[PDB]
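See below for the structure under consideration.
There are 2 protein chains.
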Amino acid sequence: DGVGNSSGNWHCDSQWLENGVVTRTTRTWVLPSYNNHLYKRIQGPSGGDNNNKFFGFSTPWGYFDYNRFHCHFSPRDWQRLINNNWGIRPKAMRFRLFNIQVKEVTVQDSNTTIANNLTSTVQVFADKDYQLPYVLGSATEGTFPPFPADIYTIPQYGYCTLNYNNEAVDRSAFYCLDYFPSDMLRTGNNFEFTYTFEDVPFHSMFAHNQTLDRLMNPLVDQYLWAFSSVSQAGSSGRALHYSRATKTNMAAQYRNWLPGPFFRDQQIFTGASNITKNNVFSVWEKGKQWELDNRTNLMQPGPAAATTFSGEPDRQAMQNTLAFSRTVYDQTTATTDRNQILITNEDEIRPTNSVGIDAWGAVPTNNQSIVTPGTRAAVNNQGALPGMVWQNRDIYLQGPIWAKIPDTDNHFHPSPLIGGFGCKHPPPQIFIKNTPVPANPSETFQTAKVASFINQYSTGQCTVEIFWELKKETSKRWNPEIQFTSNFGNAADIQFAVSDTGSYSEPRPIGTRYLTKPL
Amino acid sequence: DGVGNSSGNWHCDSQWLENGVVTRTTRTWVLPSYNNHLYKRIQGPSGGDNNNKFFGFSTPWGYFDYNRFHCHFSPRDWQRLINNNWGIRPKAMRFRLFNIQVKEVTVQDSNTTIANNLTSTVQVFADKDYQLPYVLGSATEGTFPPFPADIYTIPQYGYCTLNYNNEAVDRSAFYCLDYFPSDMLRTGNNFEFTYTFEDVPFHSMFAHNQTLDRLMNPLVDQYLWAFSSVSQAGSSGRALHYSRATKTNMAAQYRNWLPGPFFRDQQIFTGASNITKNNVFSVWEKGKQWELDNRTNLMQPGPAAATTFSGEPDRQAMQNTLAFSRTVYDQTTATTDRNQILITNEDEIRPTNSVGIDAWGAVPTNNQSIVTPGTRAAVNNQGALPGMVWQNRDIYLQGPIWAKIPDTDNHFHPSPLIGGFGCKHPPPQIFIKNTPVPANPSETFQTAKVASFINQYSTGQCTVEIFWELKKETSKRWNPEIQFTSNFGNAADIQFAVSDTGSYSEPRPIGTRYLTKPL
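Written out as structure tokens, the structure reads:
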């Protein structure tokens, strides 16, 4: 419409429905002009380590990454969610962008002056066909702040392509984002589109009441005989013993089911008394990793596994657990104190999933005889076997919502190993740019490229609205259940709120799994 | 619409109806940018006194407090009201906000420059569901000026929550006002909503012709006998005397009614001859107070009681009477002269309500006998007894209109002890904000929070329109009545008008109660 008429309103509320919830949220954003309106070739660092080398491009573009849970949910809405419900999955989504205003910057005499350029444009498009590198899956910075009053700096868009070390292989691709159709928007214009998620399984917000191996009736005995032991009958003779498993001996018993796939990881001593028992080492050396092409990569989340044994909370798996910063804005990339960061606990999957510290099992390695006594070896890694069941790593208020399942011939249980909902066709990437406005030309025709632009940036608001489908609980459990409660007792600042400086902070991580279900 | 078209007009008139009046009024306002767009945690002062400690938050928001009578009524409209009418209550209300313009401020070389930003927005919402702390009930500053030419600086919004001294208890809540839906408004846009009051009792604008104990016929005698005295008949004998109350003896007589609940307060000598009779003390020591949790609070208005005895105007109750400043803008928070401030007089409730100085009564404290003579003690505080009647403190032209009755299981005569109309669902709070416009980003992506904004403020007009329902008088009184008349005789400045400096002033307080009614 016009410069004096607002494009849209502010919607941050979340309303609850029967079998669903819609969380709509709004932010104010700023878009820099990146690369001085240039597509540049970025590359990895030059050295002897081939693991960190890459080849790619950086674009004069930016993108909206809203993919985390605390963007959409408040800590109360999250609490209200996780206590009452067994499952959640996204259904539909509506993104819209409005109240665009571009500002012009002039710096003279070390004094900056900002005035708004009414005729300059911003251009936006969503990639619906997934024809661009999809960078939202990886969990990176540039997400909306959790707190609605904060302002969202839109990150720059760049991507990596097929490479040989730093230099580029023949099959590597260059994508120009200006070769897509886009919507140019002045201050009166706004942009909107809607999206509907493909069917994905509910994330299980429940734990289990039962252990995978305790599914039996403890009062009765099995009717199944099994081999038991070989004994020496006489001098050179032997005797084969068979025995039925009894309610007394559960360890040796017939079962229909096995724990899920397992890839072992090393242990650390996480607590004040145990901290001394740690050997001196690093993850890159003693940790678990997978390797692709000429590079080796740490297997960082890996398949989900219980992080620690029962009753031993202070000795836990080093690889599996996620960790978060208690503020989005912290600049420190390494820290030696754990009070500064939030460390997740994976113990709710312990009934079905085996702990990451101990081995998955043991296998007989040879054919026994009187000449050779039988041998056996531990199973550190185990692929899929028939009759396995396992739980996914749970989503967190601070964790990523979704990832894009790659386009490949074959998938196996495409659950993102960080967490969330794997999608063949995830929410589109939304790209936004400040169209370049050049500085005055030379008044005589010249062939040189145009390097001189008017320095400018844009700002405005963006609403994101998602419909979440919920799975209600039906439980005959008599006794009360664990639920997420806020207990700090007395404190100077309340938890999940601003400080006297005005800084919002999240004191502790929150997972979904509280309610329990029989196995 | 557009930048060159006005959103609304100026309506300040008040028109009178049969059984009602509508007072519509308009102001020009200014909205600062508070807290540099931050929610901050405010707290009480650090010390040993636990009474003034608090815990709360301050928001980058502002609110319209129009709650006082002289905002809506002019001194003539008020006079015209109080002389002709027995009662008044609010019915409906319409608030609307228009002609928004936001100005941008740049300071360089100690020289400020203000230019209007056409594309910047203002966002407004009313809290209809009362889901926020309601701060309008308390009588505080930041109300509209009484005089239409003055300009209204919108106060900052902050609130207190459940606390343990300064630090915060677990149940204390943090409310983000950006988590509500709002209406973003540019210069062409305007905002409006309507509201209808719940049914509240008319405020009684009349006094009483009769005293509560004089309701009798003075010409006749009672037919009711009562015990009178015990006498000594002979040496050790006794005789019981009974007597009927006669028109001569009114003091001992049967009555159906009692004065209202009473909480006593100390006296002061308020006048030139008596001023010397005062002892040296303070309210905090010798005054009346109530206490909640670990804190003690002065009971400042308390239940209404007549401020002084008949014919003794110079000795009066220290706690009960309200007092006002004769200009909204005075910065002095303490003063030793009473000519500077306006002191209300509560004497019109004297027929029904007992004076605050003297006790409510006396009670027998023991069972008499020949061994023990009977004793009695004064009643300083009295709760409700069956057969009580009492009057509310009257509203003043300068006093607050309404308060929000808390949400609690139980209420007892929810009349605001300051005055006005207690409401379960009072007029909503209207919150207004300058949406932040950030300064230029760093052109390379950074994770640091955005602390740099364009300094700006907004201004415009706001109309408030209220329909008041009136209760007409029907009176057979023969002789003329007291009415509010302006008598200064000769003066340099006329009362209730501007001075030569241009400052508006209210010389004396005005209450409603002039007309009288039989009891």
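Going line by line, the protein sequences match chains S and F.
Residue numbers for the first sequence follow my numbering, beginning at 16 and rising by one.
Residue numbers for the second sequence follow my numbering, beginning at 16 and rising by one.
Quick reminder that beta carbons are idealized off the backbone N, C-alpha and C, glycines included.
Let me know the secondary structure DSSP gives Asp198 of chain F once reduced to three states. In the second sequence, the residue the question calls residue 198 of chain F occupies position 183. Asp198 of chain F: strand per DSSP, three-state reduction.
What is the DSSP secondary structure of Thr291 of chain F, counted as helix, strand or coil? Residue 291 of chain F sits at position 276 when you count from the first residue of the second sequence. Three-state result, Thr291 of chain F: helix.
Assuming contact is defined by CB atoms lying nearer than 8 Å, are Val370 of chain F and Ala320 of chain F in contact in what I supplied? Against the second sequence, residue 370 of chain F aligns to sequence position 355. Against the second sequence, residue 320 of chain F aligns to sequence position 305. Yes, these two residues count as a Cβ contact at 8 Å.
List the residues of chain F that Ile129 of chain S touches, going by C-beta distances under 7 Å, in chain order. On the first sequence, position 114 is the one that residue 129 of chain S refers to. Result: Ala454, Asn455 and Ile469.
According to DSSP, what are the bridge partners of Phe208 of chain S? Here the question's residue 208 of chain S lines up with position 193 in the first sequence. Looking at the DSSP assignment, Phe208 of chain S forms a beta bridge with S:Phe110.
Could you spell out the range, first to last residue, of the alpha helix (DSSP H) harbouring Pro90 of chain S? Position 75 of the first sequence, counting from 1, holds the residue named residue 90 of chain S. It spans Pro90 to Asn99 - the alpha helix (DSSP H) in which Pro90 of chain S sits, taken as one unbroken run.
Within-8 Å CB hit, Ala507 of chain S to chain F: In the first sequence, residue 507 of chain S corresponds to position 492, counting from 1. So, interface residue.
Beta strand (DSSP E) containing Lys486 of chain F: first to last residue? Counted from its first residue, the second sequence places residue 486 of chain F at position 471. Where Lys486 of chain F is concerned, the enclosing beta strand (DSSP E) stretches over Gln471 to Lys487.
Please list the partners that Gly152 of chain S has in chain F, where partner means a Cβ-to-Cβ separation under 9 Å. Stepping through the first sequence from its first residue, residue 152 of chain S is reached at position 137. Result: empty, since nearest Cβ-Cβ is about 19 Å, beyond 9 Å.
Look up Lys439 of chain F in the DSSP assignment and say whether it is helix, strand or coil. Position 424 of the second sequence, counted from the start, is the residue given in the question as residue 439 of chain F. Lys439 of chain F: coil per DSSP, three-state reduction.
Would you report the Cα separation of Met403 of chain S and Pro274 of chain S, rounded to the nearest angstrom? Sequence index remark: in the first sequence, residue 403 of chain S carries index 388 (1-based). Sequence index remark: in the first sequence, residue 274 of chain S carries index 259 (1-based). Roughly 5 Å separates the two Cα atoms.
Which residues in chain S have a C-beta closer than 9 Å to the C-beta of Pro196 of chain F? List them in chain order. Sequence index remark: in the second sequence, residue 196 of chain F carries index 181 (1-based). What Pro196 of chain F touches in chain S: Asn24, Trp25, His26, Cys27, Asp28, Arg39 and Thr41.
Could you round the C-beta distance between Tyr411 of chain F and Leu337 of chain F to whole angstroms and report it? I think they count as a contact, below 8 Å. As a working note, residue 411 of chain F is residue 396 in the second sequence. As a working note, residue 337 of chain F is residue 322 in the second sequence. Yes, they are in contact, since the Cβ atoms of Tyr411 of chain F and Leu337 of chain F sit about 7 Å apart, within 8 Å.
Buried versus exposed call for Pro524 of chain F [16 or more other C-beta atoms within 10 Å across all chains shown]: For the purposes of this step, residue 524 of chain F is taken as the residue at position 509 of the second sequence. That one is buried.
So for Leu313 of chain F, helix, strand or coil by DSSP? The count along the second sequence starts at 1 and reaches residue 313 of chain F at position 298. The answer is strand: DSSP assigns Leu313 of chain F an E or B state.
Listing by chain order, which chain S residues have their CB less than 7 Å from the CB of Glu33 of chain F? In the second sequence, counting from the first residue as 1, residue 33 of chain F sits at position 18. The premise fails here: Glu33 of chain F is roughly 41 Å from chain S at the closest Cβ pair, so nothing lies under 7 Å.
Comparing alpha-carbon positions, which option in S:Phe278, S:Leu239, S:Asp214 and S:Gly249 lies nearest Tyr269 of chain S? As a first step, residue 269 of chain S must be located in the first sequence, where it is residue number 254. Closest by C-alpha distance to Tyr269 of chain S, out of S:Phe278, S:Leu239, S:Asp214 and S:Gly249, is S:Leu239.
Could you tell me whether any Cβ in chain S is nearer than 8 Å to the Cβ of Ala141 of chain F? Translated into the one-based positions of the second sequence, residue 141 of chain F becomes position 126. It does not: the Cβ of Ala141 of chain F has no partner Cβ on chain S nearer than 8 Å.
Is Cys86 of chain S helix, strand or coil by DSSP? On the first sequence, position 71 is the one that residue 86 of chain S refers to. Reduced to three states, the DSSP call for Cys86 of chain S is helix.
With DSSP as the reference, label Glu119 of chain S as helix, strand or coil. In the first sequence, the residue the question calls residue 119 of chain S occupies position 104. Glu119 of chain S: strand per DSSP, three-state reduction.
Any non-hydrogen atom of the ligand HEM within 7 Å of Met265 of chain S CB: Looking for the ligand HEM in the displayed structure turns up nothing, as the structure carries no ligands at all.
Simplified DSSP state of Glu33 of chain F, which is helix, strand or coil: Within the second sequence, the letter at position 18 stands for residue 33 of chain F. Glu33 of chain F falls in the coil class under three-state DSSP.
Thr474 of chain S versus S:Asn312, S:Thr202, S:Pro401 and S:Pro316, residue with shortest Cα-Cα distance: The residue you call residue 474 of chain S lines up with position 459 of the first sequence. Nearest option by C-alpha distance: S:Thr202.
Spatial neighbours of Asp142 of chain S in its chain, beta-carbon cut-off 6 Å, leaving aside the 5 residues before and after: In the first sequence, the residue the question calls residue 142 of chain S occupies position 127. Taken in chain order, the residues that qualify are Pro443 and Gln444.
Going by alpha carbons, who is nearest to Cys191 of chain S out of S:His218, S:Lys301 and S:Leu147? Counting from 1 along the first sequence, the entry for residue 191 of chain S is found at position 176. Residue S:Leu147 is the option with its Cα nearest to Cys191 of chain S.
Going by alpha carbons, who is nearest to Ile420 of chain S out of S:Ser153, S:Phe110 and S:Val120? The residue given as residue 420 of chain S occupies position 405 in the first sequence. Here the closest residue by C-alpha is S:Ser153.
Chain F contact residues for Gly19 of chain S, given Cβ-Cβ distances below 9 Å: For the purposes of this step, residue 19 of chain S is taken as residue 4 along the first sequence, with counting starting at 1. Chain-ordered, the chain F residues with CB closer than 9 Å to the CB of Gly19 of chain S read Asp16, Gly17, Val18, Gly19, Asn20, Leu133, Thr134, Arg201, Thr202, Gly203 and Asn204.
Suppose you measure from the CA of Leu133 of chain F to the CA of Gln30 of chain S; what does that come to, to the nearest Å? One-based indexing of the second sequence puts residue 133 of chain F at position 118. One-based indexing of the first sequence puts residue 30 of chain S at position 15. Near 34 Å, if we compare the C-alpha coordinates of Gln30 of chain S and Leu133 of chain F.
Quick check on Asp165 of chain S - is its C-beta less than 8 Å from some C-beta in chain F? Here residue 165 of chain S is taken as the residue at index 150 of the first sequence, counted from 1. Yes, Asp165 of chain S lies at the interface with chain F (some Cβ there is under 8 Å from its Cβ).
For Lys532 of chain S, the three-state DSSP class (helix, strand or coil): The residue you call residue 532 of chain S lines up with position 517 of the first sequence. DSSP, reduced to helix, strand and coil, places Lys532 of chain S within a strand of the structure shown.
Under three-state DSSP, which class holds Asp64 of chain F? By one-based count along the second sequence, residue 64 of chain F stands at place 49. In this structure, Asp64 of chain F counts as coil in the three-state DSSP scheme.
Which residues, in chain order, does the segment 164-187 of chain S contribute to contact with chain F at a C-beta distance below 8 Å? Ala164, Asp165, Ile166, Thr168, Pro170 and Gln171
So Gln444 of chain F contacts chain A; which residues on that side make the cut at Cβ distance below 7 Å? Checking the listed chains, one finds no chain A in this structure; the protein chains it contains are S and F.
Which residue comes first and which comes last in the beta strand (DSSP E) that contains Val386 of chain S? As a working note, residue 386 of chain S is residue 371 in the first sequence. Following the DSSP letters along the chain, one finds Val386 of chain S in no beta strand (DSSP E), marked with neither H nor E.
With 16 other Cβ atoms within 10 Å as the buried cut-off, status of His52 of chain F: As a first step, residue 52 of chain F must be located in the second sequence, where it is residue number 37. By the Cβ-count criterion, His52 of chain F is buried, with 16 or more other Cβ atoms from all chains shown falling within 10 Å of its own Cβ.
Could you give the distance in angstroms between the alpha-carbon of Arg83 of chain F and the alpha-carbon of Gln413 of chain F? Working through the second sequence from its first residue, we reach residue 83 of chain F at position 68. Working through the second sequence from its first residue, we reach residue 413 of chain F at position 398. Approximately 6 Å between the Cα atoms of the pair.
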